[PDB]
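*Asks:* PDB, C-alpha atoms, file entry_23.pdb:
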```pdb
ATOM      1  CA  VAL A   1       0.000   0.000   0.000  1.00  0.00           C
ATOM      2  CA  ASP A   2       2.770   2.398   1.064  1.00  0.00           C
ATOM      3  CA  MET A   3       1.570   4.851   3.675  1.00  0.00           C
ATOM      4  CA  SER A   4       3.754   7.493   2.075  1.00  0.00           C
ATOM      5  CA  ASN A   5       1.816   7.747  -1.187  1.00  0.00           C
ATOM      6  CA  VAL A   6      -1.643   7.566   0.302  1.00  0.00           C
ATOM      7  CA  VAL A   7      -3.474  10.751   1.351  1.00  0.00           C
ATOM      8  CA  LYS A   8      -6.176   8.818   3.192  1.00  0.00           C
ATOM      9  CA  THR A   9      -7.138   5.228   3.786  1.00  0.00           C
ATOM     10  CA  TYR A  10     -10.735   4.181   4.256  1.00  0.00           C
ATOM     11  CA  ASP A  11     -11.720   1.293   6.411  1.00  0.00           C
ATOM     12  CA  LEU A  12     -14.935  -0.288   5.284  1.00  0.00           C
ATOM     13  CA  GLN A  13     -17.539  -1.458   7.783  1.00  0.00           C
ATOM     14  CA  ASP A  14     -17.121  -4.842   6.086  1.00  0.00           C
ATOM     15  CA  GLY A  15     -13.435  -4.878   6.892  1.00  0.00           C
ATOM     16  CA  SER A  16     -12.287  -4.143   3.382  1.00  0.00           C
ATOM     17  CA  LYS A  17     -10.112  -1.097   2.840  1.00  0.00           C
ATOM     18  CA  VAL A  18      -9.767   1.681   0.297  1.00  0.00           C
ATOM     19  CA  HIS A  19      -6.917   4.119  -0.208  1.00  0.00           C
ATOM     20  CA  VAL A  20      -6.887   7.384  -2.053  1.00  0.00           C
ATOM     21  CA  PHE A  21      -3.383   7.751  -3.339  1.00  0.00           C
ATOM     22  CA  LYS A  22      -1.401  10.959  -3.746  1.00  0.00           C
ATOM     23  CA  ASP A  23      -1.134   9.993  -7.402  1.00  0.00           C
ATOM     24  CA  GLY A  24      -4.864  10.314  -7.539  1.00  0.00           C
ATOM     25  CA  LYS A  25      -5.771   6.652  -7.948  1.00  0.00           C
ATOM     26  CA  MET A  26      -7.268   4.335  -5.366  1.00  0.00           C
ATOM     27  CA  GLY A  27      -6.517   0.863  -4.118  1.00  0.00           C
ATOM     28  CA  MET A  28      -8.945  -1.529  -2.500  1.00  0.00           C
ATOM     29  CA  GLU A  29      -8.302  -4.477  -0.217  1.00  0.00           C
ATOM     30  CA  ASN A  30     -10.641  -6.954   1.455  1.00  0.00           C
ATOM     31  CA  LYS A  31     -11.015  -7.564   5.222  1.00  0.00           C
ATOM     32  CA  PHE A  32      -8.062  -9.954   4.792  1.00  0.00           C
ATOM     33  CA  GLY A  33      -5.607  -7.369   3.520  1.00  0.00           C
ATOM     34  CA  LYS A  34      -5.752  -8.508  -0.070  1.00  0.00           C
ATOM     35  CA  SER A  35      -5.859  -6.239  -3.041  1.00  0.00           C
ATOM     36  CA  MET A  36      -8.882  -6.353  -5.342  1.00  0.00           C
ATOM     37  CA  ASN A  37     -10.480  -4.018  -7.886  1.00  0.00           C
ATOM     38  CA  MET A  38     -13.095  -1.573  -6.627  1.00  0.00           C
ATOM     39  CA  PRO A  39     -16.462  -1.942  -8.417  1.00  0.00           C
ATOM     40  CA  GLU A  40     -17.500   1.247 -10.202  1.00  0.00           C
ATOM     41  CA  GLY A  41     -20.977   2.553  -9.491  1.00  0.00           C
ATOM     42  CA  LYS A  42     -21.168   0.970  -6.062  1.00  0.00           C
ATOM     43  CA  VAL A  43     -21.409   3.130  -2.984  1.00  0.00           C
ATOM     44  CA  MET A  44     -19.998   1.464   0.122  1.00  0.00           C
ATOM     45  CA  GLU A  45     -19.776   2.345   3.797  1.00  0.00           C
ATOM     46  CA  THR A  46     -16.928   2.694   6.218  1.00  0.00           C
ATOM     47  CA  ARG A  47     -16.636   1.851   9.917  1.00  0.00           C
ATOM     48  CA  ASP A  48     -16.425   5.560  10.433  1.00  0.00           C
ATOM     49  CA  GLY A  49     -19.796   6.227   8.847  1.00  0.00           C
ATOM     50  CA  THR A  50     -18.702   7.673   5.537  1.00  0.00           C
ATOM     51  CA  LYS A  51     -20.009   6.588   2.145  1.00  0.00           C
ATOM     52  CA  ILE A  52     -17.738   6.284  -0.866  1.00  0.00           C
ATOM     53  CA  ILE A  53     -17.857   5.135  -4.495  1.00  0.00           C
ATOM     54  CA  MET A  54     -15.507   4.870  -7.458  1.00  0.00           C
ATOM     55  CA  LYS A  55     -16.943   6.486 -10.560  1.00  0.00           C
ATOM     56  CA  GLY A  56     -15.225   7.569 -13.749  1.00  0.00           C
ATOM     57  CA  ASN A  57     -11.782   6.563 -12.421  1.00  0.00           C
ATOM     58  CA  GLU A  58     -12.478   8.970  -9.559  1.00  0.00           C
ATOM     59  CA  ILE A  59     -13.573   8.585  -5.966  1.00  0.00           C
ATOM     60  CA  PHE A  60     -16.651  10.063  -4.334  1.00  0.00           C
ATOM     61  CA  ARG A  61     -15.986  10.793  -0.717  1.00  0.00           C
ATOM     62  CA  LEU A  62     -19.467  11.897   0.338  1.00  0.00           C
ATOM     63  CA  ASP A  63     -18.856  13.988  -2.864  1.00  0.00           C
ATOM     64  CA  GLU A  64     -18.797  17.227  -0.852  1.00  0.00           C
ATOM     65  CA  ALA A  65     -15.357  16.331   0.512  1.00  0.00           C
ATOM     66  CA  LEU A  66     -14.276  16.824  -3.063  1.00  0.00           C
ATOM     67  CA  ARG A  67     -16.596  19.804  -3.378  1.00  0.00           C
ATOM     68  CA  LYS A  68     -15.171  22.035  -0.645  1.00  0.00           C
ATOM     69  CA  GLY A  69     -13.169  19.567   1.398  1.00  0.00           C
ATOM     70  CA  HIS A  70      -9.874  20.451  -0.259  1.00  0.00           C
ATOM     71  CA  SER A  71      -7.503  21.329   2.551  1.00  0.00           C
ATOM     72  CA  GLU A  72      -4.147  20.163   1.177  1.00  0.00           C
ATOM     73  CA  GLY A  73      -3.043  17.820   3.920  1.00  0.00           C
ATOM     74  CA  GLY A  74      -5.828  17.331   6.421  1.00  0.00           C
TER      75      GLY A  74
END
```
Any chance you could put this one into structure tokens?
*Replies:*
Amino acid sequence: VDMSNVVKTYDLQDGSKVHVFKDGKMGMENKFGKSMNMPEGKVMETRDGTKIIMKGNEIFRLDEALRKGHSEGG
């Protein structure tokens, strides 16, 4: 995964994990730490209570986090 090239990792309520990379892509793993492709068009939940989806090679993070949630860092 490399924690150096990821801006934020998302832990799914299912155990699976998503990472938004500093290169702009995203990587998904299952509750067993194994890498698998993230299904486009599907909105999924996190343990933290956020909803996310991969659409058009992008990532919706409640959408509005992309809207006005640009902080540069966090």
*Asks:* Rank A:42, A:55, A:70, A:47 by their smallest atom-to-atom distance to residue 16 of chain A, using all atoms listed in the file, and report the top residue only.
*Replies:* A:47
*Asks:* How many Å lie between atom CA of residue 24 of chain A and atom CA of residue 48 of chain A, rounded to one decimal?
*Replies:* 21.9 Å
*Asks:* Using only C-alpha atoms, list the residues that have an atom at most 6 Å from (-16.1, 1.6, 7.5), coordinates as in the file, as a count of residues only.
*Replies:* 7
*Asks:* I need the residue nearest residue 50 of chain A from this list: A:68, A:34, A:18, A:27. Use all atoms listed in the file for the distance.
*Replies:*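 Of the candidates, the smallest distance to residue 50 of chain A is held by A:18.
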*Asks:* Once the PyMOL selection byres ((chain A and resi 61) around 10) is applied to the coordinates I shared, what remains selected? I want it as JSON, numbers by chain.
*Replies:* {"A": [10, 20, 43, 50, 51, 52, 53, 54, 58, 59, 60, 62, 63, 64, 65, 66, 67, 69]}
*Asks:* Store the residues picked out above in a file with C-alpha atoms, as a PDB file, in the coordinates of the input.
*Replies:*
```
ATOM      1  CA  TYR A  10     -10.735   4.181   4.256  1.00  0.00           C
ATOM      2  CA  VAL A  20      -6.887   7.384  -2.053  1.00  0.00           C
ATOM      3  CA  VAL A  43     -21.409   3.130  -2.984  1.00  0.00           C
ATOM      4  CA  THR A  50     -18.702   7.673   5.537  1.00  0.00           C
ATOM      5  CA  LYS A  51     -20.009   6.588   2.145  1.00  0.00           C
ATOM      6  CA  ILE A  52     -17.738   6.284  -0.866  1.00  0.00           C
ATOM      7  CA  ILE A  53     -17.857   5.135  -4.495  1.00  0.00           C
ATOM      8  CA  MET A  54     -15.507   4.870  -7.458  1.00  0.00           C
ATOM      9  CA  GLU A  58     -12.478   8.970  -9.559  1.00  0.00           C
ATOM     10  CA  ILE A  59     -13.573   8.585  -5.966  1.00  0.00           C
ATOM     11  CA  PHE A  60     -16.651  10.063  -4.334  1.00  0.00           C
ATOM     12  CA  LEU A  62     -19.467  11.897   0.338  1.00  0.00           C
ATOM     13  CA  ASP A  63     -18.856  13.988  -2.864  1.00  0.00           C
ATOM     14  CA  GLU A  64     -18.797  17.227  -0.852  1.00  0.00           C
ATOM     15  CA  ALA A  65     -15.357  16.331   0.512  1.00  0.00           C
ATOM     16  CA  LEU A  66     -14.276  16.824  -3.063  1.00  0.00           C
ATOM     17  CA  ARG A  67     -16.596  19.804  -3.378  1.00  0.00           C
ATOM     18  CA  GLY A  69     -13.169  19.567   1.398  1.00  0.00           C
TER      19      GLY A  69
END
```
*Asks:* If you measure from atom CA of residue 31 of chain A to atom CA of residue 5 of chain A, what distance in Å do you get, rounded to one decimal?
*Replies:*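 Straight-line distance from atom CA of residue 31 of chain A to atom CA of residue 5 of chain A works out to 21.0 Å.
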*Asks:* Which residue is closest to residue 14 of chain A? Choose from A:1, A:74, A:32, A:26 and count all atoms listed in the file.
*Replies:* A:32
*Asks:* Could you jot down the atom CA of residue 22 of chain A to atom CA of residue 41 of chain A separation for me, Å, one decimal place?
*Replies:*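 Those two atoms sit 22.1 Å apart.
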*Asks:* Which of these residues is nearest to residue 15 of chain A, using all atoms listed in the file: A:3, A:56, A:39, A:44?
*Replies:*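 Ranked by minimum distance to residue 15 of chain A, first place goes to A:44.
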*Asks:* Edge lengths and centre in Å to one decimal, as lines of an AutoDock Vina configuration file, is what I'm after for the box along x, y and z that holds all listed atoms of segment 11-26 of chain A once 4 Å is added on each side.
*Replies:*
```
center_x = -9.3
center_y = 3.0
center_z = -0.1
size_x = 24.4
size_y = 23.8
size_z = 23.7
```
*Asks:* Nearest to residue 4 of chain A: which of A:40, A:30, A:35, A:19 is it, counting only C-alpha atoms?
*Replies:*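 Distance minimum relative to residue 4 of chain A lands on A:19.
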*Asks:* Some atoms are missing, so please complete segment 14-48 of chain A with N, CA and C atoms and return it as a PDB file, keeping the file's coordinate frame.
*Replies:*
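Okay, this is what ended up in result37.pdb:
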```pdb
ATOM      1  N   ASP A  14     -17.168  -3.426   6.439  1.00  0.00           N
ATOM      2  CA  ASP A  14     -17.121  -4.842   6.086  1.00  0.00           C
ATOM      3  C   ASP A  14     -15.742  -5.409   6.414  1.00  0.00           C
ATOM      4  N   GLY A  15     -14.801  -4.503   6.604  1.00  0.00           N
ATOM      5  CA  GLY A  15     -13.435  -4.878   6.892  1.00  0.00           C
ATOM      6  C   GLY A  15     -12.506  -4.564   5.751  1.00  0.00           C
ATOM      7  N   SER A  16     -13.070  -4.447   4.559  1.00  0.00           N
ATOM      8  CA  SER A  16     -12.287  -4.143   3.382  1.00  0.00           C
ATOM      9  C   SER A  16     -11.749  -2.725   3.495  1.00  0.00           C
ATOM     10  N   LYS A  17     -10.738  -2.397   2.721  1.00  0.00           N
ATOM     11  CA  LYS A  17     -10.112  -1.097   2.840  1.00  0.00           C
ATOM     12  C   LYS A  17      -9.889  -0.436   1.492  1.00  0.00           C
ATOM     13  N   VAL A  18      -9.994   0.881   1.485  1.00  0.00           N
ATOM     14  CA  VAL A  18      -9.767   1.681   0.297  1.00  0.00           C
ATOM     15  C   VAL A  18      -8.687   2.709   0.591  1.00  0.00           C
ATOM     16  N   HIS A  19      -7.907   3.077  -0.402  1.00  0.00           N
ATOM     17  CA  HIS A  19      -6.917   4.119  -0.208  1.00  0.00           C
ATOM     18  C   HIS A  19      -6.958   5.088  -1.358  1.00  0.00           C
ATOM     19  N   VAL A  20      -7.018   6.364  -1.040  1.00  0.00           N
ATOM     20  CA  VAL A  20      -6.887   7.384  -2.053  1.00  0.00           C
ATOM     21  C   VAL A  20      -5.429   7.774  -2.097  1.00  0.00           C
ATOM     22  N   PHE A  21      -4.805   7.549  -3.222  1.00  0.00           N
ATOM     23  CA  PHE A  21      -3.383   7.751  -3.339  1.00  0.00           C
ATOM     24  C   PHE A  21      -3.061   9.176  -3.760  1.00  0.00           C
ATOM     25  N   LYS A  22      -1.860   9.614  -3.429  1.00  0.00           N
ATOM     26  CA  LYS A  22      -1.401  10.959  -3.746  1.00  0.00           C
ATOM     27  C   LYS A  22      -1.219  11.121  -5.254  1.00  0.00           C
ATOM     28  N   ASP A  23      -1.257  10.001  -5.960  1.00  0.00           N
ATOM     29  CA  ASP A  23      -1.134   9.993  -7.402  1.00  0.00           C
ATOM     30  C   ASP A  23      -2.518  10.096  -8.005  1.00  0.00           C
ATOM     31  N   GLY A  24      -3.511  10.078  -7.128  1.00  0.00           N
ATOM     32  CA  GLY A  24      -4.864  10.314  -7.539  1.00  0.00           C
ATOM     33  C   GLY A  24      -5.687   9.059  -7.766  1.00  0.00           C
ATOM     34  N   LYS A  25      -5.046   7.897  -7.822  1.00  0.00           N
ATOM     35  CA  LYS A  25      -5.771   6.652  -7.948  1.00  0.00           C
ATOM     36  C   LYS A  25      -6.149   6.106  -6.579  1.00  0.00           C
ATOM     37  N   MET A  26      -6.762   4.938  -6.577  1.00  0.00           N
ATOM     38  CA  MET A  26      -7.268   4.335  -5.366  1.00  0.00           C
ATOM     39  C   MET A  26      -7.010   2.842  -5.391  1.00  0.00           C
ATOM     40  N   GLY A  27      -6.744   2.285  -4.229  1.00  0.00           N
ATOM     41  CA  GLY A  27      -6.517   0.863  -4.118  1.00  0.00           C
ATOM     42  C   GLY A  27      -7.428   0.253  -3.084  1.00  0.00           C
ATOM     43  N   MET A  28      -8.001  -0.892  -3.399  1.00  0.00           N
ATOM     44  CA  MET A  28      -8.945  -1.529  -2.500  1.00  0.00           C
ATOM     45  C   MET A  28      -8.440  -2.897  -2.060  1.00  0.00           C
ATOM     46  N   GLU A  29      -8.671  -3.200  -0.796  1.00  0.00           N
ATOM     47  CA  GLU A  29      -8.302  -4.477  -0.217  1.00  0.00           C
ATOM     48  C   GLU A  29      -9.497  -5.041   0.527  1.00  0.00           C
ATOM     49  N   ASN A  30      -9.563  -6.348   0.686  1.00  0.00           N
ATOM     50  CA  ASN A  30     -10.641  -6.954   1.455  1.00  0.00           C
ATOM     51  C   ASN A  30     -10.262  -7.010   2.933  1.00  0.00           C
ATOM     52  N   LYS A  31     -11.234  -7.346   3.781  1.00  0.00           N
ATOM     53  CA  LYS A  31     -11.015  -7.564   5.222  1.00  0.00           C
ATOM     54  C   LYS A  31      -9.893  -8.568   5.557  1.00  0.00           C
ATOM     55  N   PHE A  32      -9.165  -9.042   4.559  1.00  0.00           N
ATOM     56  CA  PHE A  32      -8.062  -9.954   4.792  1.00  0.00           C
ATOM     57  C   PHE A  32      -6.760  -9.352   4.287  1.00  0.00           C
ATOM     58  N   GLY A  33      -6.813  -8.081   3.884  1.00  0.00           N
ATOM     59  CA  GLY A  33      -5.607  -7.369   3.520  1.00  0.00           C
ATOM     60  C   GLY A  33      -5.149  -7.694   2.123  1.00  0.00           C
ATOM     61  N   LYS A  34      -6.084  -8.113   1.288  1.00  0.00           N
ATOM     62  CA  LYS A  34      -5.752  -8.508  -0.070  1.00  0.00           C
ATOM     63  C   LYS A  34      -6.354  -7.580  -1.088  1.00  0.00           C
ATOM     64  N   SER A  35      -5.541  -7.260  -2.062  1.00  0.00           N
ATOM     65  CA  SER A  35      -5.859  -6.239  -3.041  1.00  0.00           C
ATOM     66  C   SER A  35      -6.829  -6.758  -4.097  1.00  0.00           C
ATOM     67  N   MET A  36      -7.895  -6.010  -4.327  1.00  0.00           N
ATOM     68  CA  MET A  36      -8.882  -6.353  -5.342  1.00  0.00           C
ATOM     69  C   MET A  36      -9.487  -5.086  -5.936  1.00  0.00           C
ATOM     70  N   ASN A  37      -9.955  -5.180  -7.175  1.00  0.00           N
ATOM     71  CA  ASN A  37     -10.480  -4.018  -7.886  1.00  0.00           C
ATOM     72  C   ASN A  37     -11.770  -3.516  -7.243  1.00  0.00           C
ATOM     73  N   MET A  38     -11.911  -2.200  -7.192  1.00  0.00           N
ATOM     74  CA  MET A  38     -13.095  -1.573  -6.627  1.00  0.00           C
ATOM     75  C   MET A  38     -14.163  -1.416  -7.702  1.00  0.00           C
ATOM     76  N   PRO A  39     -15.350  -1.986  -7.465  1.00  0.00           N
ATOM     77  CA  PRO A  39     -16.462  -1.942  -8.417  1.00  0.00           C
ATOM     78  C   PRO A  39     -16.996  -0.527  -8.624  1.00  0.00           C
ATOM     79  N   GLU A  40     -16.980  -0.071  -9.868  1.00  0.00           N
ATOM     80  CA  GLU A  40     -17.500   1.247 -10.202  1.00  0.00           C
ATOM     81  C   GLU A  40     -19.016   1.272 -10.052  1.00  0.00           C
ATOM     82  N   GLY A  41     -19.540   2.392  -9.578  1.00  0.00           N
ATOM     83  CA  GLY A  41     -20.977   2.553  -9.491  1.00  0.00           C
ATOM     84  C   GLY A  41     -21.539   2.116  -8.156  1.00  0.00           C
ATOM     85  N   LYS A  42     -20.724   1.453  -7.356  1.00  0.00           N
ATOM     86  CA  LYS A  42     -21.168   0.970  -6.062  1.00  0.00           C
ATOM     87  C   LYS A  42     -20.727   1.880  -4.936  1.00  0.00           C
ATOM     88  N   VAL A  43     -21.696   2.352  -4.173  1.00  0.00           N
ATOM     89  CA  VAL A  43     -21.409   3.130  -2.984  1.00  0.00           C
ATOM     90  C   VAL A  43     -21.314   2.198  -1.779  1.00  0.00           C
ATOM     91  N   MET A  44     -20.242   2.333  -1.018  1.00  0.00           N
ATOM     92  CA  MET A  44     -19.998   1.464   0.122  1.00  0.00           C
ATOM     93  C   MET A  44     -19.749   2.285   1.374  1.00  0.00           C
ATOM     94  N   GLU A  45     -19.921   1.656   2.527  1.00  0.00           N
ATOM     95  CA  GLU A  45     -19.776   2.345   3.797  1.00  0.00           C
ATOM     96  C   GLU A  45     -18.476   1.999   4.497  1.00  0.00           C
ATOM     97  N   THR A  46     -18.114   2.869   5.412  1.00  0.00           N
ATOM     98  CA  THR A  46     -16.928   2.694   6.218  1.00  0.00           C
ATOM     99  C   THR A  46     -17.321   2.484   7.673  1.00  0.00           C
ATOM    100  N   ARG A  47     -16.387   2.013   8.488  1.00  0.00           N
ATOM    101  CA  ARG A  47     -16.636   1.851   9.917  1.00  0.00           C
ATOM    102  C   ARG A  47     -16.855   3.191  10.584  1.00  0.00           C
ATOM    103  N   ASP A  48     -16.426   4.217   9.895  1.00  0.00           N
ATOM    104  CA  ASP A  48     -16.425   5.560  10.433  1.00  0.00           C
ATOM    105  C   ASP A  48     -17.734   6.274  10.099  1.00  0.00           C
TER     106      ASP A  48
END
```
